2 protein chains.
Amino acid sequence: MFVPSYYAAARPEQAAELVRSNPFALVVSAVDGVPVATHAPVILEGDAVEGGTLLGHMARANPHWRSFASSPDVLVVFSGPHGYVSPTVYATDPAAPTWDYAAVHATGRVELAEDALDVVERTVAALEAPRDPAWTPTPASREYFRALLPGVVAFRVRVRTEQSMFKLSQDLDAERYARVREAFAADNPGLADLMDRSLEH
Amino acid sequence: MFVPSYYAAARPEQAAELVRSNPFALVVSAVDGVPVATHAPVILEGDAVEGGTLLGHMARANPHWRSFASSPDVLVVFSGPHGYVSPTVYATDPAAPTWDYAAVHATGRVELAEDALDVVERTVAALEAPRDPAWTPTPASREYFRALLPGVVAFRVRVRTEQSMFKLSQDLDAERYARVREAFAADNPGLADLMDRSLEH
Ligand code: HEM
Ligand code: HEM
């Protein structure tokens with residue numbers, strides 16, 4: 001990921017907020033020399049991505065985690081709202097398209113987590129908290145979680161470096177920016193909201 | 001990525017259809033043995049992902065492509081609709097959550113593409129074709145593309161292997177399945193559509 005200065009986060013908390021809002025992540029490691037990726041729910045422990053700790057899990061039957069034993073470096077990609085920007089939206093005569101998006105990339109050493117129960121229970125808590133209503137695991141469901149643990153592998157990543165991209169057209173002039181934000185208002189409310197938040201100072 | 005039998009693609013054209021429908025991809029390779037990823041528009045040349053060729057571009061100022069000159073293996077991830085499955089929807093008591101999603105992972109050897117102009121023009125054509133009205137570059141815009149060319153690097157991936165995941169709850173019995181599909185119908189119609197297509201024969 002390369003992040004041009006004008007697409008950097010306006011405030012550092014924006015990276016953590018993107019991570020928390022988009023927990024279904026891509027966990028990537030270099031099995032041999034080839035990249036291999038698993039889609040998995042990953043949560044953040046700590047106030048900031050940099051220096052924070054990521055917690056995730058996958059199927060034990062997914063052999064990806066077996067490469068994690070050597071504690072190699074992994075990349076976790078969190079992707080927020082995104083959308084194609086067609087030059088039709090600009091209404092200007094020389095133009096080229098782009099794609100607007102926001103993403104956080106976290107890199108660090110992965111470690112298998114012995115407390116797989118705690119990881120999945122924390123993941124439930126995080127993902128359900130903003131739903132209306134939030135699902136509260138019953139005692140029966142918590143005993144179920146315990147019974148399921150042989151089939152799951154949890155892992156932790158201590159974040160050594162992170163980058164965040166907020167590519168949200170903030171380099172356009174006022175009229176063209178207004179057209180882009182307006183065009184995303186109906187079809188892509190999530191992207192328009194991120195657009196609004198990127199200009200809040 | 002590991003693909004349980006229940007979540008394998010039903011028909012082989014479904015992988016290529018996902019790729020063509022979701023061109024904003026994640027291009028992943030090793031840089032000093034650690035994974036690095038760039039978000040970029042990537043198009044498919046060919047009827048099938050496996051054995052097909054992917055074409056994409058990225059900023060020249062993005063250093064990711066400098067690791068391609070050795071022609072290492074890359075992974076390109078195409079992501080379709082996805083959504084969290086809360087146990088609230090199952091309406092059963094011992095339960096656990098999951099996440100439903102569809103994705104295609106293409107692996108092969110990457111090479112830098114000299115005709116960067118042709119790559120970006122084919123990308124314009126591909127992404128503007130499903131839109132109405134479609135944006136067709138004027139001669140002025142084509143001249144502008146030529147002016148932009150120093151800042152762009154194009155690349156090709158000859159796809160050696162491909163995996164597709166269609167994790168769409170098809171393992172569920174009918175009453176639990178109907179509740180999952182009904183709950184996505186309002187909030188995530190693209191995902192509901194993908195579940196419908198997963199049951200076709
Ligand atoms: C909190 C929200 C959760 C989400 C979004 C979620 C999602 C997922 C996903 C996407 C996979 C596939 C991973 C892969 O491809 O390797 C998976 C696997 C698995 N998860 Fe979770 N999970 C959640 C909570 C839990 C909990 C609380 C448990 C309790 C032990 C659990 C147990 C398992 C097991 C046993 C597997 C492997 C077998 C299977 O795929 O069902 N998960 N989960
Ligand atoms: C057709 C749809 C297109 C889309 C969705 C698109 C999207 C993008 C994206 C996401 C990037 C950032 C890559 C990175 O982070 O390294 C990029 C870079 C770039 N693209 Fe494209 N592009 C398109 C067409 C074109 C065309 C026709 C040209 C004409 C030469 C062009 C020239 C460039 C240049 C110069 C850069 C680097 C500077 C910049 O980020 O604006 N692109 N494009």
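Each chain gets a letter, A, B and so on, in the order its sequence line appears, and its residues count up from 1. All values below were derived from every heavy atom in this structure, side-chain atoms included, with hydrogens, water molecules and symmetry-related copies excluded.
Ring centroid separation for the pair B/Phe155 and B/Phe68 comes in under the 6.0 Å cut-off.
How far CG of B/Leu149 is from CZ of B/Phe145: 10.0 Å, rounded to the nearest 0.5 Å. Of the inter-residue distances, the one linking B/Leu127 atom CG with B/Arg20 atom CZ reads 13.5 Å to the nearest 0.5 angstrom. Residue A/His57 holds its NE2 atom at 14.0 Å from CG of A/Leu112, rounded to the nearest 0.5 Å. Going from atom CG of A/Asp115 over to atom CD of A/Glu121 covers 8.5 Å, rounded to the nearest 0.5 Å. Rounding to the nearest 0.5 angstrom, the gap separating the CG atom in A/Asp100 from the CG atom in A/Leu194 is 10.0 Å. Rounding to the nearest 0.5 Å places OH of B/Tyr6 at 9.0 Å from CD of B/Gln170.
Within the 4.5 Å cutoff, the side chain of B/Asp196 has heavy atoms near those of the B/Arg181 side chain. In this structure, A/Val180 and A/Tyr90 have side chains that are in contact, with non-hydrogen atoms separated by less than 4.5 Å. With contacts defined as side-chain heavy-atom distances shorter than 4.5 Å, the pair A/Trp135/A/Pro137 qualifies. In this structure the side chain of B/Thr38 never reaches within 4.5 angstrom of the side chain of A/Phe2, judged on heavy atoms. A 4.5 Å side-chain heavy-atom check between A/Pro72 and A/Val110 finds at least one atom pair inside the cut-off. No side-chain heavy atom of B/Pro23 sits under 4.5 Å from any side-chain heavy atom of B/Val42. Side-chain contact between A/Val74 and A/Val28 is absent, with no heavy-atom pair separated by less than 4.5 Å.
Exactly one residue among A/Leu44, A/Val49, A/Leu54, A/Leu26 makes a side-chain contact (heavy atoms from CB on, under 4.5 Å) with A/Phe78. That residue is A/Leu54. A side-chain contact (heavy atoms from CB on, under 4.5 Å) with B/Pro35 is found for one member of A/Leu75, A/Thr107, A/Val76 and no other, namely A/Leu75.
In terms of modelled atom types and a separation under 3.5 Å, the side chain of B/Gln163 and the main chain of B/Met1 share a donor-acceptor contact. In terms of modelled atom types and a separation under 3.5 Å, the side chain of A/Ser86 and the main chain of A/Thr88 share a donor-acceptor contact. Proximity of a side-chain donor or acceptor of A/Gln14 to a complementary backbone N or O of A/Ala10 within less than 3.5 Å is detected. A/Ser141 contributes a side-chain N or O that, together with a main-chain N or O of B/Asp93, makes up a donor-acceptor pair within less than 3.5 Å. With hydrogens and angles ignored, the 3.5 Å screen pairs no side-chain donor or acceptor of B/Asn62 with any backbone N or O of B/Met58. A/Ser164 places no side-chain N or O within donor-acceptor distance of the main-chain N or O of A/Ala15, the cut-off being under 3.5 Å. Using modelled atom types, no side-chain atom of B/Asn188 and backbone atom of B/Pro81 make a donor-acceptor pair closer than 3.5 Å.
Side chains of A/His64 and A/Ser29: a donor on one and an acceptor on the other come within 3.5 Å. In this model, a donor atom of one side chain and an acceptor atom of the other lie less than 3.5 Å apart for B/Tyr84 and A/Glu128. Side-chain contact annotation: A/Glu200 with A/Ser198, donor-acceptor N/O pair under 3.5 Å absent.
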Self-check item: CA sep, side-chain torsions, deciding dist, call: B/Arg60, B/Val152, side-chain contact (heavy atoms from CB on, under 4.5 Å)
Solution: CA-CA 5 Å; B/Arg60 192 169 289 271; B/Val152 72; over 6 Å; no
Quiz item: Step by step, would you call B/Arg176 with B/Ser169 a side-chain contact (heavy atoms from CB on, under 4.5 Å)?
Solution: CA-CA 9 Å; B/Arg176 276 189 306 173; B/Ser169 301; over 6 Å; no
Practice problem: With side-chain contact (heavy atoms from CB on, under 4.5 Å) as the test, would you mind laying out the steps for A/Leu168 and A/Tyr177 before giving the verdict? | Solution: CA-CA 9 Å; A/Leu168 304 167; A/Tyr177 183 88; 5.7 Å; no
Practice problem: Kindly determine whether B/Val77 and A/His39 satisfy side-chain contact (heavy atoms from CB on, under 4.5 Å), including the steps that lead there. | Solution: CA-CA 10 Å; B/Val77 175; A/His39 306 246; 4.0 Å; yes
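Under the 6.0 Å distance and 45° angle rule, A/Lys167 does not count as a cation-pi partner of A/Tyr101.
Between A/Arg156 and A/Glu45, no side-chain nitrogen of the basic residue sits less than 4.0 Å from a carboxylate oxygen of the acidic one, so the salt-bridge criterion is not met. No salt bridge links A/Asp193 with A/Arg197; every basic N to acidic carboxylate O contact stays at or beyond 4.0 Å. Remark: A/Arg109 does not engage A/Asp73 in a salt bridge, criterion side-chain N to carboxylate O under 4.0 Å.
Aromatic ring orientation, B/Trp99 versus A/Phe24: parallel (interplanar angle below 30°, classes split at 30° and 60°).
Across all non-hydrogen atoms, the minimal contact from B/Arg146 to B/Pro150 is O-CD, 4.0 Å. Contact record, B/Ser70 with B/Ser67: OG-O, 3.5 Å, taken as the closest heavy-atom pair.
Heavy atoms of other residues, nucleotides or ligands lying less than 6.0 angstrom from CZ of A/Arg122 number 12 at most. Within a 6.0 Å sphere centred on CD of A/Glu13, other residues, nucleotides and ligands contribute more than 12 heavy atoms.
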